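Asks: Going down the list, the sequences are from chains X and N.
Read left to right, the first sequence gives residues 797 to 845 (the authors' numbering).
Read left to right, the second sequence gives residues 53 to 107 (the authors' numbering).
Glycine included, every Cβ here is placed at the ideal spot set by N, Cα and C.
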Amino acid sequence: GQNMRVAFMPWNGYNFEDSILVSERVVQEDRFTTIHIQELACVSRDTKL
Amino acid sequence: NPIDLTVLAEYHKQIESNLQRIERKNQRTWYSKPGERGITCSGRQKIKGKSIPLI
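(1) Quick one: residues in its chain with C-beta nearer than 6 Å to the C-beta of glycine 95/N, no 5 flanking neighbours on either side, listed in chain order?
(2) Which residues in chain N have a C-beta closer than 7 Å to the C-beta of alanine 803/X? List them in chain order.
(3) Give the straight-line distance between the Cα atoms of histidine 64/N and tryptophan 82/N, rounded to the nearest whole angstrom.
(4) Which residues bound the alpha helix (DSSP H) around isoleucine 67/N?
(5) With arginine 827/X and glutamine 798/X assumed to form a contact (beta carbons below 8 Å), what rounded beta-carbon distance in angstroms separates them?
(6) How close, in whole Å, do the beta carbons of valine 839/X and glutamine 97/N come, if the pair is a contact with beta carbons under 8 Å?
(7) In this structure, how does DSSP classify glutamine 824/X when only helix, strand and coil are distinguished?
(8) Nearest chain X C-beta to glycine 101/N closer than 8 Å, yes or no?
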């Protein structure tokens, strides 16, 4: 993963049991963006008709 | 001199023989057997779902 600046404090309840708050600097630096690759095939079939 | 449809039977036999030759060739080179190694590809076809109303 990546290493980040973290403060341990209760901030307005947005981290109530185990939730995490994330500032938009982590989004704008796009440092958890992930590439995914799907695959799809298509066959020509010898049916009748 | 009775009536005659021998040419009809020859024509129908010609149609049947030509169609049997073409369909035998197509069913010969489309359902062939692969040799000593097996099917060299795979089908992989999958169908997903849609949102179909019922009016």
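Replies: Reading from the atomic positions:
(1) none
(2) Correct list: empty, because the minimum Cβ distance to chain N is about 44 Å.
(3) 27 Å
(4) 58-81
(5) 6 Å
(6) 5 Å
(7) helix
(8) no
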